[PDB]
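Some notes on the structure that comes next.
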Amino acid sequence: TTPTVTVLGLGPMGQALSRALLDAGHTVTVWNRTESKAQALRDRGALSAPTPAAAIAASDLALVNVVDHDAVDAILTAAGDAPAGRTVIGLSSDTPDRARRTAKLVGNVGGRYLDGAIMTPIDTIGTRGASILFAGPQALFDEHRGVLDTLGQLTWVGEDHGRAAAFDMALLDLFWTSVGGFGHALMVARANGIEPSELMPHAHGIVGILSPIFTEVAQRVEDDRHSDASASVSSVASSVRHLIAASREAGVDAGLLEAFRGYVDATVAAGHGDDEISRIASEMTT
Amino acid sequence: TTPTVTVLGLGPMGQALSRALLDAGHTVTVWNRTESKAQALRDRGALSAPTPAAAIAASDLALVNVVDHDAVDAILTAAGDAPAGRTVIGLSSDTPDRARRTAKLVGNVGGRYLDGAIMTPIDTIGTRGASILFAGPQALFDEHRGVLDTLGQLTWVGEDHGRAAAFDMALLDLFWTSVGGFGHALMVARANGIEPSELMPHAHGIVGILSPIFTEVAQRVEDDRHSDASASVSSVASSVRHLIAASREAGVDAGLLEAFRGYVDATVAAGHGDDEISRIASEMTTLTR
Ligand SMILES: NC(=O)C1=CN([C@@H]2O[C@H](COP(=O)(O)OP(=O)(O)OC[C@H]3O[C@@H](n4cnc5c(N)ncnc54)[C@H](OP(=O)(O)O)[C@@H]3O)[C@@H](O)[C@H]2O)C=CC1
Ligand SMILES: NC(=O)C1=CN([C@@H]2O[C@H](COP(=O)(O)OP(=O)(O)OC[C@H]3O[C@@H](n4cnc5c(N)ncnc54)[C@H](OP(=O)(O)O)[C@@H]3O)[C@@H](O)[C@H]2O)C=CC1
Ligand SMILES: CCCC[C@H](CC)CO
Ligand SMILES: CCCC[C@H](CC)CO
C-alpha cells in the first residue's frame with residue numbers, strides 16, 4: 001500500500017531527498033558510508049540499513065546520491081545481487097559514459113536503471129522549484145514517477161541512459177563557469193573599493209540580462225546567422241583586454257578571461273570581427 | 001527650454017541612444033567617424049554635424065559612445081575647445097584610469113565630465129530595463145539626470161570619475177565569463193545531440209538559480225563564513241573533471257573550466273575541501289600570502 005524507497009548517500013543533497021520522501025509518507029530506508037549521518041533522518045522516521053546490500057534489498061526503488069560514479073559503482077559492487085528485481089536511479093553527477101556503464105552494471109545483476117541529474121540546489125527539493133532530468137526506458141520512468149514526483153518537476157529526456165548526463169554536462173558547464181566569473185568579479189571589485197553588498201544589486205541586473213541574450217545567441221547559432229550585430233566581436237576584443245588589465249592590477253589571476261580572449265582574438269583573425277558575439281564559440285573547436 | 005544632446009559614435013549602441021533621445025523629443029545632433037551611419041537618424045529627426053567640434057558645439061550635453069577611450073580621446077582632441085562650458089559624458093567601456101584621464105582632458109578645455117557605463121543591451125535602451133551607471137560630480141549628474149532618465153534607470157556611484165568604470169570592470173567580467181560558459185555549453189551539447197533549442201528551457205532554469213546562489217556567496221565572502229556547506233569544494237573538484245572530459249570528448253577546448261579547476265584544486269590543497277564553493281575565489285590571488 002505504501003511505496004518503499006532507499007536513499008544511499010546522505011550528504012546535503014541526500015538528506016534533502018530523504019526529507020522530501022519522508023514528508024510524502026513513503027517508507028524510507030537510508031544508508032551512508034559514514035554511518036552516523038543517518039541519525040538526523042532516523043529521528044525524522046527513516047529506517048537505516050547497515051550495508052548497501054541490505055539498504056537496496058529493503059525497497060523497490062533505490063536512489064544513489066553520492067559525489068560521482070566511482071562512488072556509485074563501489075556501492076553497487078558492495079550491494080552484489082541486491083538490485084535484482086529492483087530499480088536503481090543514479091542521481092550522482094558524472095559523464096554520459098559513466099551513466100551508461102552503471103546502467104550495464106545494474107542490468108547485469110538483474111536490476112533496472114534510470115539515470116537522473118538534479119539541476120537545482122538543496123533548498124528547492126520537495127517543491128515545484130526543483131528540476132530533475134531522467135534518462136532510460138520511458139516505461140520505467142512512468143512506473144516510478146509517482147514516488148519521484150514529490151522531489152520536484154521531472155523531465156524525461158530520452159531512452160539513451162547517458163542523455164540526462166549529457167544535459168548535466170552542458171548545464172553545469174554554464175553554471176560553474178558563471179560561478180567562476182562571479183567569484184572573480186567580487187575579488188577584483190573588492191580590490192577597487194566595492195564590497196560585495198554594494199555590487200550585488202548590479203550583479204543581479206547582469207543575471208537579469210542573460211536569459212534574453214542567451215535566447216538570441218542560441219537562435220543565431222542554430223540559424224548560423226552571425227551578421228547584423230548589436231554587439232560585435234571586435235568590440236569585446238577591446239573590452240576583454242580592459243578586464244584582464246584590471247585583474248592584473250588587482251593581483252587576481254585572469255585565466256577565465258584569458259581563455260575567453262583567445263577565442264575572441266581567433267574570431268577576429270578569422271575575419272569575423274564585425275559579427276555578433278554568437279560567432280565566438282565557433283573558435284572553441286580543437 | 002528644449003534640451004540639446006549630441007551623440008558622438010553611431011555604432012549599434014550610439015544608434016539606440018540617439019533613437020531613445022529623439023523619441024523623448026530632445027534636439028539631437030549626431031556625429032560618426034563614418035558619416036553614412038547618420039542618415040537613418042536624420043530621417044528620425046536628428047541633426048548631423050560634420051566634425052566633432054561642430055557636433056559638441058551644437059548642444060549643452062555630449063555623449064561619447066565608441067569602442068574605447070583611445071577613440072574617445074581622439075574625438076575630444078579633434079573637438080579642441082568645443083567642450084568649453086558644456087558637459088561631456090563618456091559612455092565607452094574602458095578602465096577606471098582611462099575614465100580619470102578623459103575627465104582631465106575635458107577639464108583642460110573648460111568642459112565638465114561625467115563617466116558612465118551602460119550595463120544592458122541595445123534593445124533595453126529607452127526602457128526601464130536599461131541600467132546606466134555614472135561617476136563624477138553629484139551636482140553635474142543632477143543637472144543632466146532629467147535628459148539622461150529617458151535612456152534607462154540611472155545610478156550615480158560616486159564622485160571619483162573612475163568609479164563607474166570600476167563597477168563596469170566587475171560586472172562585465174561576470175557577464176562575458178558567463179557568455180563564454182554559455183557558448184561552450186552549446187558546443188558540447190550539440191556534440192552530444194542536443195540542439196540549442198532543446199537545451200534552452202533548461203539553460204533558462206540555470207540562469208534562474210544564479211541570483212540566490214550569488215547572494216549567498218557574496219554574504220559568505222563578506223562574513224568570511226565558508227562552513228556548513230550545502231555544496232562543497234570537494235564535490236565540485238570531482239564535477240569539474242567530468243565537465244573537462246566531456247569538452248575534450250566533444251572536440252571543444254576547455255580553457256575556462258581548466259582555469260576554474262586550478263582554483264578548485266588549490267582550495268582542496270589548502271585544506272578547504274569541506275567548505276562551501278564561496279571559498280574558491282580566494283585561490284585566484286597572485287599575491288604572496
Ligand atoms: N548539493 C547540491 O546542491 C547539489 C548536488 N547535486 C549532486 O548530488 C550529488 C551529491 O551531492 P552532495 O550531497 O552535495 O554531496 P557530495 O557530492 O559532496 O558527495 C558526498 C556523498 O558521497 C559519499 N561518497 C563519496 N565517496 C564515496 C565512496 N567512495 N563510497 C561511498 N560513498 C561515497 C559521501 O559519503 P560520506 O558521508 O561517507 O563522506 C556522501 O554521502 C553530487 O553528485 C552532486 O553533484 C546536484 C545538484 C545540487
Ligand atoms: N552594443 C551593446 O549592446 C553595448 C555597448 N556598450 C558599450 O558602448 C560602446 C559602443 O558600443 P557599440 O555601439 O556596440 O560599438 P563598438 O564598441 O563596436 O564601437 C563602434 C563605434 O566606435 C567608433 N570608433 C571606433 N574607433 C574609433 C576611432 N578611432 N575614432 C572614432 N570613432 C571610432 C565607430 O566608428 P565607425 O562607425 O566610423 O567605425 C563606431 O561609432 C562600447 O564601449 C561598448 O562596450 C555598452 C553596453 C551594451
Ligand atoms: C551552490 C549550489 C550548487 C547547485 C548546482 C545546481 C545545478 C550545482 O550542483
Ligand atoms: C551581447 C550584448 C552585450 C551587452 C553587454 C551589457 C552588459 C556588454 O556590452
Side-chain angles (χ1 to χ4, degrees), chain A residues 12 67-68 93-95 119-120 122 131 166-167 169-178 180-189 192 194 196 199-200 202-207 209-211 214 218 221-222 230 235 238-239 242-243 245-246 251-253 255-256 259-260 280-281 284-285, chain B residues 12 67-68 93-95 119-120 122 131 166-167 169-178 180-189 192 196 199-200 202-207 209-211 214 218 221-222 230 235 238-239 242-243 245-246 251-253 255-256 259-260 280-281 284-287:
Chain A
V67 65
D68 63 11
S93 184
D94 214 321
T95 63
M119 305 312 309
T120 51
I122 66 168
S131 177
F167 280 82
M169 295 299 90
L171 298 168
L172 289 175
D173 171 14
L174 169 59
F175 176 77
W176 286 117
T177 301
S178 300
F182 182 70
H184 186 274
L186 289 184
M187 293 275 285
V188 177
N192 283 261
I194 307 163
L199 193 71
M200 287 302 309
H202 303 290
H204 293 306
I206 292 298
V207 174
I209 70 169
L210 297 178
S211 272
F214 290 175
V221 166
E222 259 178 357
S230 57
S235 188
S238 172
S239 182
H242 309 148
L243 307 182
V252 184
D253 183 73
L256 275 84
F260 187 64
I280 293 162
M284 297 176 180
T285 64
Chain B
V67 64
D68 65 11
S93 185
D94 213 321
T95 67
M119 304 313 311
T120 54
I122 67 165
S131 172
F167 281 79
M169 294 302 87
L171 296 167
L172 288 179
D173 173 10
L174 169 61
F175 176 72
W176 287 115
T177 303
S178 298
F182 179 71
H184 185 273
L186 290 187
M187 294 289 278
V188 175
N192 280 270
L199 193 71
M200 280 313 299
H202 304 285
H204 291 310
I206 292 297
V207 170
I209 67 172
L210 293 177
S211 274
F214 292 177
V221 168
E222 267 187 353
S230 64
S235 187
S238 173
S239 187
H242 309 151
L243 310 180
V252 186
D253 184 72
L256 273 79
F260 188 65
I280 292 162
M284 297 178 183
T285 191
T286 66
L287 306 176

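A, B, ... follow the sequence lines: proteins, then strands. Residue 1 opens every chain. Note: hydrogens, waters and symmetry copies are ignored here, and every other heavy atom, side chains too, is used.
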Residue pair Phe260(A) / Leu256(B): nearest heavy atoms and the distance that separates them
N-CD1, 3.8 Å
Using non-hydrogen atoms only, which part of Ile122(A) is less than 4.5 Å away from chain B: side chain, backbone, both, or neither?
side chain
Taking atom CG of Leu174(A) and atom CZ of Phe214(A), what is their separation to the nearest 0.5 Å?
5.0 Å
At a heavy-atom distance under 4.5 Å, which candidate from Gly181(B), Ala246(B), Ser239(B) has the highest pair count against chain A?
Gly181(B)
Is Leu171(A) close to chain B through its backbone or its side chain, or both, or neither, when contacts mean heavy atoms under 4.5 Å?
both
Checked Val67(A), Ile209(A), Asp253(A), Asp173(A) vs chain B; the most non-hydrogen pairs under 4.5 Å come from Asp173(A)
What option among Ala281(B), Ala259(B), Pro196(B) has the most heavy-atom pairs under 4.5 Å with chain A?
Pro196(B)
Any idea which of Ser230(B), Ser131(B), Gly205(B), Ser93(B) has the most non-hydrogen atom pairs under 4.5 angstrom with chain A?
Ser230(B)
Tell me, out of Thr120(B), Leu199(B), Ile280(B), who's got the most heavy-atom pairs with chain A below 4.5 Å.
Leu199(B)
Output for pair (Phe182(B) CZ, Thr177(A) OG1), nearest 0.5 Å, gives 12.0 Å
Which atoms of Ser235(B) approach chain A - backbone, side chain, both or neither, heavy atom under 4.5 Å
both
Specify which of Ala203(A), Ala218(A), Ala189(A), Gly255(A) makes the most heavy-atom pairs with chain B at under 4.5 Å.
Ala218(A)
Where on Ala166(A) is there a heavy atom nearer than 4.5 Å to chain B: the side chain, the backbone, both, or neither?
both
For the residue pair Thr286(B) and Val252(A), what are the closest heavy atoms and their distance?
OG1-N, 4.0 Å
Contact origin within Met200(B) toward chain A - heavy atom pairs under 4.5 Å:
side chain
Counting only non-hydrogen atoms closer than 4.5 Å, does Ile194(A) touch chain B with its backbone (N, CA, C, O), its side chain (CB onward), both, or neither?
both
Tell me which of these, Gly183(B), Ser238(B), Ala245(B), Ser178(B), has more heavy-atom pairs under 4.5 Å with chain A than the rest.
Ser178(B)
When only pairs under 4.5 Å are counted, which of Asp94(A), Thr95(A), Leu172(A) shares the most heavy-atom pairs with chain B?
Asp94(A)
Shortest non-hydrogen separation from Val188(B) to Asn192(B) and the atoms involved
O-ND2, 3.0 Å
What part of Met119(A) is in contact with chain B, defined as an atom under 4.5 angstrom from a non-hydrogen atom: side chain, backbone, both or neither?
both
For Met169(A), which atoms come within 4.5 Å of any heavy atom of chain B: side chain, backbone, both, or neither?
both
